[PDB]
Structures are given as structure tokens and as C-alpha cells.
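What follows is a single structure, written as C-alpha cells, with notes after it.
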Amino acid sequence: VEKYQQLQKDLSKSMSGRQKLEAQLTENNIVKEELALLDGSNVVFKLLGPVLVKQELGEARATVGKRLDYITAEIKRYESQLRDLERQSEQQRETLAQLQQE
Amino acid sequence: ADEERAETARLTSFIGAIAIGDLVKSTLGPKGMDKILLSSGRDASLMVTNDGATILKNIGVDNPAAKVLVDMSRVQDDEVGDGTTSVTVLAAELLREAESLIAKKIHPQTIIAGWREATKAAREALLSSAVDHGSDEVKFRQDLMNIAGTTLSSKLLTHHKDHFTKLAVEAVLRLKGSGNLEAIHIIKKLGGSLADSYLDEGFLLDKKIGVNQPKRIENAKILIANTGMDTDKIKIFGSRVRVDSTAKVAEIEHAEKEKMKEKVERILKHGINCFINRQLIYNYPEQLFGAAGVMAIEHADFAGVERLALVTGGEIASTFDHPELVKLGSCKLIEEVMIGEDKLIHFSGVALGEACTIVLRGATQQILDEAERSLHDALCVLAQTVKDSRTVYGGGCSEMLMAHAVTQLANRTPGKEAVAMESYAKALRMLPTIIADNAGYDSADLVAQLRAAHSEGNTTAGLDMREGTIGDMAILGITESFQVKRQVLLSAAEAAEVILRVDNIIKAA
Amino acid sequence: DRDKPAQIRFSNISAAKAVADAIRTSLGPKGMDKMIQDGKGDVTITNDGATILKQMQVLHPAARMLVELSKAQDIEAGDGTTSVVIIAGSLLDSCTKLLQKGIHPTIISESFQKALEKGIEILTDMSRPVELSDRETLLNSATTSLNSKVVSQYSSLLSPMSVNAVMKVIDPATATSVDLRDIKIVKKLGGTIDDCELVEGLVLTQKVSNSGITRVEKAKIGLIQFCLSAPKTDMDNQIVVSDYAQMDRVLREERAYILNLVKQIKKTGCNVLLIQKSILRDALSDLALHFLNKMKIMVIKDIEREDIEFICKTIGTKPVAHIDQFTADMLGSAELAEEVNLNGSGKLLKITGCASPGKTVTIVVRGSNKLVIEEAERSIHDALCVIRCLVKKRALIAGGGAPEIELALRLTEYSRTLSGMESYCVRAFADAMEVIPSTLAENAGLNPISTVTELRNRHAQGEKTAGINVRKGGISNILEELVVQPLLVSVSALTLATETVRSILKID
Amino acid sequence: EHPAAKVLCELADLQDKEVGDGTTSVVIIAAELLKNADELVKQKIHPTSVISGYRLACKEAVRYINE
Amino acid sequence: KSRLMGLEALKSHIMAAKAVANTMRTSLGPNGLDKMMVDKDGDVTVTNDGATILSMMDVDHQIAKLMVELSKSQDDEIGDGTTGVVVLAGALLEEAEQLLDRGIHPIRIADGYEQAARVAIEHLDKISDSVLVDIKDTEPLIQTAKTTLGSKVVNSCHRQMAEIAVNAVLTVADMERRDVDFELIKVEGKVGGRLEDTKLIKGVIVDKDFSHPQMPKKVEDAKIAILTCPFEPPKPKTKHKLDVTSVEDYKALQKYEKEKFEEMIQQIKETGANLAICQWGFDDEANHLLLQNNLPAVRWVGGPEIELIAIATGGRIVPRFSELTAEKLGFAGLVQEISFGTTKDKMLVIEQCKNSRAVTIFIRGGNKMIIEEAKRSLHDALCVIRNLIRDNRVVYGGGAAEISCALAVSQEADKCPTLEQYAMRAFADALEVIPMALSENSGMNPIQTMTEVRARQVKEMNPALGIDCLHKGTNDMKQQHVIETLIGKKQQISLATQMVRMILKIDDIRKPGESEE
């Protein structure tokens, strides 16, 4: 029954964005190595928004760290919302399953 | 559910309360010999007390007599303060004496009737033992000095008692009228040494806004405030908690400052020398309070500030419902004074004349927690003594005459009255026992000395367990406030005859 | 009636004394080891009775008084703590006598602490006032003490350190009491007893510098009681997302301000920053802290609130929970704060000299090993204790129990002098004393009963003319080879007997 | 299984770490002087009294080891 | 599945009444030392009569069981003499085994006891006055509430309750034509006032709802409006979310509040009784916005209260605010806003001279103990007059009838003879137990003390005088003014032999293995 689905639905929904963070998180680590590697040897660039800002080395690492951090925090965001959306489905299942049935 | 009938209960109600009225009287008295406190809840966890109120707490006792006598000495703590462990043994000197009569077959009814008017026959002899020392302000201050140490000693304070024996009477000397705890602002504070305790004459804020806001404020305009700067109190100058947008939880914090700005303007709209706010003042309106050049007092006391509202004459903003209308406190000078290890806001020359603020200096909390309680008992006593300024001849010197009196009463009368009353006046005569016995001195002679005194009758001389022997009753401190005594003597006198009604104890247990 | 309390008291008498006894064999350097089993299934060889109180016991309250008793003597002195066990029972020995006599607990009590006064007086002059301004006389006496006492190994080697940081925290020629407060015991794994040193400014645990300043000087020392990371939301910082549009929009907010809150700190004039533990914190994001280390503040993070309070009380860096709450009072000034890696394992931060309330000295005890570090820890300890005992009590009292053996003998006839029902009390009171070095005498062997008969008369004669001296552990001039102690350690070990007894005397 | 037995095997091993000589031995006079001094303390002796002497006695041998 | 034999069981039964009647025997009257209770749940308390204690005490045994059973009807109607039959029926109980011990039928003994009550009944019938009237019975109820308000909470009769006792029972009595119901009269304590705050309440008393006092405190009409409907927008004493989805709905609410206030101010007023008891709870905000409008608005009302005060009025309730009629409003003889105590809120006292189908007289207390100690006085003092108006008959009690009613019966014995004389003899003696037992619980030698009015009983007959119940040096029931409803004594008489008559009932003392199980 539809009530059971949204909770399953929003589950993998907010699950989707939470995962790709880790690959970003992974490359956030990949760039830290290079932001530890670059002294600014060749022009360092953040790009956030349709503008490409002038970026400086020293502000970039704390950024990507925050970016790493900010993303790293975002494993917890839905892992809260995971069980949230996971639970409300299960609760209605036996009901709505049997409701589907009879 | 289960009948507990007369005699076997009357043993149990006695024998426990008999046991109860002992380790308290053991401890009771200046030479009253201590009892180790035992917390079976935490290991053995121990103190060693002269206080029976502690005794009840640590080791829980079940006697209906006790549970009554618990409440009695407790209400003798709740009312009389000092006299708790004394009213305890007070009925204890009865029940043992009653054991005889009870074992003698003698109806509690008899004793109920008999010790009753016996209880009275001394009462006015006790009121005769009531002797005014109010006769001068100094003589009552001498009387303030009389029973002050009398209370605090058996409450277990001595070294730092003297300072409090000193300090408390003058704050209470400001009363000269009803003893007023409104007027008396209690501050007991950690910090300072045993000599650093202090009496502010006025109201005092032991908190300090110090450097951030005004410190010294003359001719104070004192605004007693419940005014939330962060609280969103009535006359909300921005978006409250309400639904407008789904993100409104954030939108509430935005209008907060545009609320904090206007509210300081409102708090400035009074105009004040100081702003006493029982709730939060945030750092931003702080300098806005500073933009009003006003001492910003936040999280202010819920009681002192009320006394401040009472003693300095302020009126609380009451959730800031009066942007002008609210009345304001005025003291001649607001002085932040370093006392002990901290600075304290002192309001000098507050509206109320009786008003003070005592400032106690605990070197630790162990010093800070114990004394101010013991400090309190005399004051309530003294407060009664302020109203009715009286002593009774101590060291049993009141006791023997009353014993004598009721005994002189006894001889002629003895229906079931003096039969009891004879057994009664003994309890009047049974206190000097333990006091010399806690002191470790043969009471019989000394008693019979003090007997042969009040047999002869006598006032100026009674048993002194200090020296250990009979001595002058000059109101030396050796003759002690009637206020306690009657109260005490009013109290356990009933509990016996009261509980004498219940040999009829029944138990759902 | 009061039987049970008397019984209790009798039991209390029996109980605590039954505890007070076995160490009287362990009493002194001549005393013996004790192998302590517990429910731990472990046999533990112990001469020190203070731990024997601590390490092993039952919960008996008068036995609790004992584990209470010397524990105070630890902080009271750190000396005669075993011996304040030895003092108490002796009186309690004399007690049941007076209770077999039936003397009254108030009467029993008031006779005694009084008599202790009466005792300490004659006792006091036995002691010799020695110069507390002269660090050498301080050295000598304490060192003589130290060499009249248990630990000379590192203590005497550490005595130039001990008395100095003391002499540092000694302002007066009186040398006051000299509390150990500003004095900071520190250690370093390994190192050396020579790598031990006093330090004039606070040696601190490790350091945080990402871009952070290593050496900063005249350094205003910041406290942080506030989170620099912005509040922790789903990890350390502010995130709300079910989707990346959500995260990418609000990510603007968290990043910028934590930099600002970082900024203002250096704007508040922090050359050093004390950050207590990230649990004592919300947390510090090391990248904004790298942004903060970029502020070239000297960041010491994850540090104890105690050390915060120590650095608060001692060198005067007071708690800062807010940017506004940064203030020079709450910012200590480190004339040099620079970490040092050397003389032993790894690095501890060195504030080299510092602005301090009073004067804050610290000592870093390093060793051949950790035990050798502890061999210093023990060593400075009582080396500082005898100081606190000698500086607080100038008068230098001899060891060996002779001070009793003189005074007990004295107070007896002075108790006799009292007459009254009580004259018997102070005798047995005094009489209690000389049995203490008796065991100690027997702890050295021979026959105290023979000796203490005589040393008494010796201490009826020249009063110090002979006495107990550990070299013999028997009849000797306590002054010849000096067995000496500050007047304090004695009077330390004194009243706790004349109190807890007088306490336990009137106990029901 | 005894604190003595505990205090000993280390010492024989202490001897045995050093040299195979005295190892099975030293436990001997470890036992000897005990039983010897056992009654001495029981006699009038205080365990401290002569125990220094046995060291002073321990030196005579090494005083003799010289010669 | 073990079975006691007859006398055995009764010997096992006789083991019961002894101690439980004993508890009364030193508790009888004020000279009786009253009864104490303690709990497995840890509550020590004082208890009284049989019922209080014997209900608070728990009863193991069929004998003990029937006690509370036998007890109820007593204290229900008369309220005074409850503890009595306990001793009495227990005494006769111990007279029964006795005559079985004397080898006389359990059958027969219970036989001649019954009409032995009659020769005590006819004896009691004569005693004192079988009459009282309004101005008269004022004074004995004065006396009754003398000994009632002087024996229990305070030993000082406080004439207020002493008169509060007389008036409202009359109020239900004079309504019911010299009939009255203890249900209708009701004794209501609320502490925070005093035992000297004592109120004669012929109507209902409830705290007047103020979500604001300053928004005018008032009582209006004399009449009450009892409402299941709103007098202001309604709510069932349960949380009602006040939020507004926009900043604008913030504006319309308080208007809606006041639009229905004035409308319910309108439509309940036009119904009647601007004071309106709305069964519904409601926000303290808008409740005082109607208060701000007008008419203190009673909200958060007990669901019982509305129908309670409804039936008392005899009027109905408005179930639905669209339904409006004054009969669905209540009836207050007087609605009166009354400050409850000096300590706390005004109440709204609805005193119903319109119809009171319940009358709950009121008192306060400095303590909940004493206030119930006082109600303990009040109930049973209202219980005597209850019957005592239904029959105004009173008999000087306290052993004077006991020493006397035994006269007829024990003298009726050899008038009777065969088994009845015994059942006259071992009957009547149980009467003089109590003056003995009252002298017992006193400091008095009972047989001695009993011997006294005995001589009187030979000297005089059926003394309106008697022995001191108050333990007064003088012995009357006149000087003592100890006189009980000549119902209640006989009402009490009815109880005692009945129990013995109960313990005999059938031949079955057997148990399946279930007896008390």
C-alpha cells in the first residue's frame, strides 16, 4: 500500500546522495595530498558556483578539509534518516501487505 | 491489617523511642557525646554527629513513636530549629517514666490526663521561667548575645560560631520588630577565610558584572526585572515562535537582535542607574545596556532579587510587561566590593531599614554548608526572641523549679493527676541528668543540689556543665531563650500523651 | 543503656587498635616489610603502613578513621604518616584503662588535646629553630633530615632542585608553609635523573601547530572554552542535506564564520592558545585550526581542565569561553613558549619562564626508566614535604622518639602537677608516648623496655643526652649522629591522635 | 607456590642468569639460616638484630675470599 | 479439606472477636484511646470506631470479615455507636461459647438473645426522650456535636460545624419531611483553610475558574449554568494546539476567541446564568480573554461535576451549545464567588435552594489529617441527626442504658426461665461490659465504677444521668449530656446478637480446602 512505499521511497532517496559523498570525500583526500603537494606551483582553483573564483593555496586545503569534513558529516545526516525512513515502512508492511491482500 | 495491641506495642513504641531518645541525648549537649553516623546505603558511610536529625536520616528507624517523634523534632527543626534533639529526649524522659506507670498498669488515660496539667503546671512556671531580656536594645542585644551561642554550639559550630554569634545579631538588630528574613539577605559563599565572613547592610548581589558594565552606582535606580533579552518575552519586538515559513526556526533568531535593540531602548525608556534582570542578558544587549550606561545584571536571583525588590524597594518587570510603569529600587550607593575571593555588588542604604545582606565565607563547601544552617536556627529563635525577648534559667535551673512547681503541685493533688504529675515533674527534672551525664558529671547531687536550689527555689544559680558543676544563672549564656523552651516543652509533652492514645496501633504490614 | 555505645566504643577501642598495631613492627626504617594479600589473590610486600591502610582494609569506621588518619598526615606532611598510626593506639591503649577506671569521654578528651598543647610546648623547645631563609640551612637541615630519613638517593640529588623551586616559591625568610601549588611536578619517560630539572615556566604536554607558531614569546596565552569549529551538527560542523543542493547552499555558512571566530582569537591577542580537551570542547576542526594555526598563535589543544586551572591559577591564564571573554587577565603571558624535544622521550611544550601569580615553578622528573622517574617522584615529594614541614616549623626536632621520651616523662609529673580527677589522664596520655620508639627501638632490635627505662632517665638527665639513633637503633645521642625532623612532622603526627581519639572518645 | 618459593626461584635464577654455580645451591642456605635464625628470633633475637651481622658475617667470608 | 467441629470452629471463631473487640475496649469513647493504623506501604495513621479501623485493618476471619460487614449499616445511618457492637457482639460472642461451655445449644443461646434485645428494646424504648424538635434538637446536636467536635479532630467543639451539622441535614431533612439521606448531606474538607474555616454547604462548592482574576472577578445571578457546551470555545481538558500557519492567522484567533466568547456570552446568557460551568477545559489565554470580555468563565471542569451539580439542581445540562435552555443550565439557589481560604483562589460556591439533590457541607483544615479528623466528626454527627430526625428519639448512653437495659433483661431471665433466662442472662451482661469497658479505657476501676450506677439502678431507674463518659468527676449522662439517638442505640442493639445469629447460620463448618482462600 502506498503508505509503505514513500518510507521505502524516501529511504533510498536520501540514501542516494549520502553515498557519493564518500567518493567526493575520497577525492577530498586525494586533493589534500595534492593541496599538501602544491605550494601553488600551478594556479590553485576551487570551483563552487557557475563562477570560477581566483583561489589561493592556503585557503584551499582548509576548504577541502571542511569539504572533506562537511561531506564526512553527511554520512550521519541520512544514517539518521535511514532508520527513520526504513522504520516507517516496516511498521506499515504487515498491515499494508495484509491490507493489499484482503 | 494487623492489630498491635496495648502493652507489647507500648513496649515497642517505647523501647525504640527509648532507644531513639538516647543516642540523641548522648549527642545532645555541648559535652553531649557524639554518635557515629552510619549510612548502610553507602557502605557504612559515616559521620559522627551531635544531631539526631542526621541520625534519623542515616540509619532508618521504624517506630510509630519515632515516626511521630521524627516529625516532632523535625518540626521542632521546622519550627524551633535548635531544640530538635532536645524535644526528642524530652518525650523520651517521659516514656521511660511512663514505662513504670504503663507497667504499673497506669492508664495512658491517667498520664494523658495527669502529665497534661502537669505539662501546664510547669508551662506558666515556664512562662515564669520566661524572663524578659528585651529590656534595652542593648540588653536585648546582650540577649541577642545571650542565646546566640546557646543555639549554634549544639548545632556543631564553635571557631567560626563566634563571628556568626557576632554577625547575625546586628543584622537581626536591624529588625527591632518582627524578625524578618526578607530584611535578612542570606549570602553564604565559598571563598574567604574563617575571618572573612561579612554583613552587608542593604541588599547585596554576590554576583559581579565587574568591568563589562557599571560597577559603582550611586543613588541607584534599581530596575528589578524579569526581562528576557534572548527569551522572547511579552512585547516581542521580532518574530516569536510561530509558523510563517517552514524555515521559521532560523527566522526566529534573526529578529532576536532587532528585538534585543528595541528592548534595551525600552529598558532605556525607563532610564535607570542599574538593571536587575532575573533572566538572561546576552552579550550584544549587554553593551546596549552599556549603551544605556547601566549595570547589566542577568540571571539574577529568584529570591534575593525579590528581597532586593523588597528591601531596596524595586518591582520586577514581570516578564517585562511594564516598559515604563514598573516600580524601581533605589539604594544610595551600589558598590561592588571584593569580599573573600570574589567581588560582590553591595547596595548601601536600601529602602528597608531592617534590611541587610549577610555574607558568609566558606573556605570550602564543608565550611559553607554546615554553618549557615546552624546560623539560621538561632535567628528564627532570635526572631521569636526579637518579638518576645526572654530567656529561661538554663542548666535545669528552669527545669528543677518547674519540676519543683509541678512537684509542689503534686503533693496536695494526687488523684490520677499527681500520680502522673509526680511521674511528670521528673521529666522536668530529667534533663539536667543527661546534660551533666553527657558532660560526665554525677547528676544526682548536682541535680539534688539544683533540687535543693529549686527546692529552696532559685533562679540565679543552676547546673553548669561548662565548669561541669552548678553555677550562676545570670543570663550568662547560661540562662537561655524561653522561645525555644516552651516550643520544645509544648511539643514532646503532647507526643507522649498523644501517642498514649495509640497503643491501638494496627498495621497493613 | 550506653553499654552498646560503650561496647561499640569498646569495640571501636579494640577494632582500630587491633588495626593500629601490626605496623608498629613495620615502624621505622628498622621496621619490617609486610606481605599483603587481598581478595586480589596477590601477596604484596609492604613496609609503608599508609598504603597498607589504603591498599588493604575492611570498612570498619574506626579502622576507616585510620585510613583517614595518616592520609591526612600524607598531606599534613607526607612524613610520620606511618607514625601517626603509631601515636593513636598508644593513647587508645591508655584509654580502656581509664575506661576500666571509667573516666568520662568528655573528661578523657578535654584532658588530652589540652595536654598535647602542654606537650607540644616542652616538645617545641626540644626542637632547634634553623634558618628558613638560608637555602643551605634549608638544604642542610632537609638534607640532614633526608639523610636522617628514608630517601636520600635522588632526594639528596634532587635536594638542590627541591629546596630551590621551594626557595623560588619561598618569598619570606620565614619561608612560610611553602605550599606545593605553583610547584608543578612533571615527568618525562626515560630522560635521566639529571634530565630531571626544575623549570621556571610551565612545561606543557605536546603542542598543536599546523601552520601554528612553534616559538612565540611574551606570549599572551589564549584560553578557549568555546568551540572554534562551529557547532557539531552531523560531525564537527554545520550540514543539512538530503541532497547536494541542500549541502552546497548552506556549506557557505559554516566555512566562513569558523574562520572569523578563529580570526577574532588572534584579534584578541593570543600568542599561545590553551584549548582544553575536545571533549572539554565541542571540537576544533584542525583545518580551520590549520586556518587558526595560520594565525601563528601557539595552539596547545586537548589539555586538562586541571592544567587549565593550574595554568589559570599558577601562571595566570584564566578561562576564556568567548571572544569577548578573551582578556589579558584570561590570557597568560609566556615570555618564551617553545616546545622542547630533548633529554628523554619525545617532546613536551616548554613555556620558558612565564608571567605567574606568585611564582610558578615546575619540575620535570626524568630517569633511567619510569621507576627511576618515580624514584624521583617519591624523592622530590618528601624532600618537598620536609621542606613544608621545616619551613612551616622552623624548629628542628630530633628523630628517634626521644621527643616523647623527654616529654612523656615530663607531662606525667606535669599531669601529676594537675591533681584533680584528671591528673591521671595526662600521665597515661603522656605514658602512651614512649612505647612508640620502644617498638621502634625493638624494630631496631635490643630491648626498649630496658632502653626506654633508661632513655627516659637519659631524657630525665640531659634530655637529648642519649636517645634512639638509627645507626645503632638504640641508646645514642640523637644529636651525635643527627636523627632529626622538622618540628612539624612530629606535631603533625601529634594532634590527629589527640583529636580522632577525643573524637572517638565521645562517640557513642 | 609459597611467597618464599616465590621469592626464591627468581634468586636462584638470578644466580642462574649469572652462573650455573650456586643456583641449586643458594636456595640451600636461603633455607639454612632461616631455620637457624628461626629460633634465634624465637630466643631473644629481634630479626633485625643479628641479620645485619650475617651480612657482616657475609663479609668475613668475602674478607676471607680475599685471602 | 480439613474440617473443624462445631464448637471447635466456634472456639476457633471465638478466637477472633476477642482482640478485635478488645481494640475498641480501650478505644471506647473519648476515655477510649482511639485506634492507630500502619501500612505495608508505610503509612502510620489513626483510626476510629470499628469501620474506619476494621476496614483499614484487614480482616482474616469470617468473624472478622462479618465485622466490617456487620459494621457498615451501623455507621451508615446513625454514625455513632459503631465501635460499640464490636465490644458488645464480641462480648455476647464470648457469652456464647461460654454457654456452650455451659453446655447450652448454640441454637438456643442465639434464640433467647433475640427477644432479650426486645426486653432491652422495650427497656431502651423507655429511656430518656423519644422526642426532639427543631429548636430542641439544635441543642442536643449542639451536645452531639459538642462530643463530636470535642472528641475527635479538636477536643474543642467549634460551634460552627456544630451548627453546620444541624442545618444542612435539616435542609435535606426538612426537604424530605423528617427524612434525610447521608448520601445527600455530604461532608467536604479542603485544606489550605482552617478547621476554623468550616462551611455549611447546601449546594456545590467549586473553585471559580480564573484564567485571570483582574479581568473582572464576579458572581452573577443567583443561578448556575451547567454546561457540557462551551460558554467559550470548548476543549476537553486536553492539550489543544494553538499554532498559526502564517503571521496573519495570529491576528484572527483572539478575535475568534472573543467572537465566540461574546456569542457564548450571548447564547448562554440568553439561555441564562452568565456564570456557566463549561465541562470543557480551555486555554488560560482565551479563557481570560472572555474574562477580559466579561463573566468569569468556568473551564477545565470535572466531567462528574457538571452532571453532579446538574442532578443536584435537578436540572439538566446543555449537551450542545446550539441547544440552549435554562433547564439544560443548572440551578443555583445562590451562585456565590467565594474566596477559598486566605491561602489560595476564590471558589464559586453554588448554594442550591432551587433543588439540592446533593448537599455537600464544607470545611477546611490546617492539615489533611485534622481536616479528615474533622470530617470524621462531621459525617457521623450528620449521621445521628439523619436518623435522629427520622425518629427524634434519644437515650442517655454511655453505660447508663447498658447498666440499665441489662436490668430488664437479666431480671427478665428468671421471668423467662428454661434456656431463655440464660439467654437473658449471658445476654444482658454484655451490655454492662461497655460501661465497664468505658471505665476500663478510662483510668477507672470498671466493676467499681459499674457498681456505682448499679446502686443508682437500684436507687433510680434508667438514669438520664449515669457514669461520666468524659471521665468527669461527676457521673451523669445528663451532666455529661451523653445521649444517643434512641434509634441508634437500638439500631446498635439490632446488630450484636445478629452476628452471633450469623455465626451459627447453617450446619456447614466444612471447607473444600477453601474457607478463607
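By the numbers in Swiss-Prot, the shown part of chain C spans 26-533.
Method on record in the header is electron microscopy, 8.3 Å.
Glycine too: its Cβ is placed from the backbone N, Cα and C atoms.
Now, the feature entries from Swiss-Prot:
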type	residues	note
BINDING	C:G53, C:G105, C:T106, C:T107, C:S108, C:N172, C:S173, C:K174, C:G425, C:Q510	ADP binding site
BINDING	C:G53, C:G105, C:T106, C:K174	ATP binding site
BINDING	C:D104	Mg(2+) binding site
MOD_RES	C:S36	phosphoserine
MOD_RES	C:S184	phosphoserine
MOD_RES	C:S202	phosphoserine
MOD_RES	C:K288	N6-acetyllysine
MOD_RES	C:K302	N6-acetyllysine
MOD_RES	C:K319	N6-acetyllysine
MOD_RES	C:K326	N6-acetyllysine
MOD_RES	C:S444	phosphoserine
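Geometry remark: C:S202 (phosphoserine) versus C:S36 (phosphoserine), CA distance 38 Å. In sequence order, C:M320 make up the list of same-chain residues 6 or more apart from C:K288 (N6-acetyllysine) whose Cβ falls under 8 Å from its Cβ. Proximity to chain A (CB-CB distance below 8 Å) holds for C:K319 among the recorded positions C:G53, C:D104, C:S184, C:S202, C:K319. In sequence order, C:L164, C:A167, C:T168, C:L171, C:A408 make up the list of same-chain residues 6 or more apart from C:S184 (phosphoserine) whose Cβ falls under 8 Å from its Cβ. On the backbone, the CA of C:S444 (phosphoserine) and the CA of C:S108 (ADP binding site) stand 31 Å apart. In sequence order, C:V233, C:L298, C:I300, C:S303, C:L309, C:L314 are the residues near C:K326 (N6-acetyllysine), counting only same-chain partners six or more apart with C-beta under 8 A. All protein chains included, C:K319 (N6-acetyllysine) registers 18 other Cβ atoms within 10 Å of its own Cβ. A gap of 24 Å separates the Cα atoms of C:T106 (ADP binding site) and C:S36 (phosphoserine). It is 12 Å from the Cα atom of C:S173 (ADP binding site) to that of C:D104 (Mg(2+) binding site). Using Cα positions, the member of the binding-site residues C:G53, C:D104, C:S108 nearest to C:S36 (phosphoserine) is identified as C:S108. Among the recorded positions C:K302, C:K319, C:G425, not one has its Cα within 10 Å of the Cα of C:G105 (ATP binding site).
Its own atom aside, the Cβ of C:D104 (Mg(2+) binding site) has 26 Cβ atoms within 10 angstroms in the protein chains shown. The Cβ neighbour count for C:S36 (phosphoserine), using a 10 Å radius over every protein chain in view, is 15. Taken residue by residue with DSSP, C:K326 (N6-acetyllysine) is part of a strand. Put simply, C:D104 is the one of the binding-site residues C:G53, C:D104, C:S108 whose Cα lies nearest to the Cα of C:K319 (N6-acetyllysine). Same-chain residues at least 6 positions away in sequence with a Cβ under 8 Å from that of C:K174 (ATP binding site) are, in sequence order, C:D104, C:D407, C:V411, C:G424, C:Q510. According to DSSP, C:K288 (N6-acetyllysine) is assigned to a helical segment. Between the listed recorded positions, namely C:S173, C:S444, the fewest other CB atoms within 10 angstroms of a CB are found at C:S444. Around C:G53 (ADP binding site), a 10 Å sphere centred on its CB holds 29 further CB atoms from the protein chains shown. Of all the binding-site residues listed (C:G105, C:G425), C:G425 sits in the most crowded Cβ setting, with the most other Cβ atoms within 10 Å. Note: C:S108 (ADP binding site) has non-local neighbours C:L52, C:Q98, C:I461, C:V514, C:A518, i.e. same-chain residues 6+ apart with C-beta under 8 A of its own C-beta.
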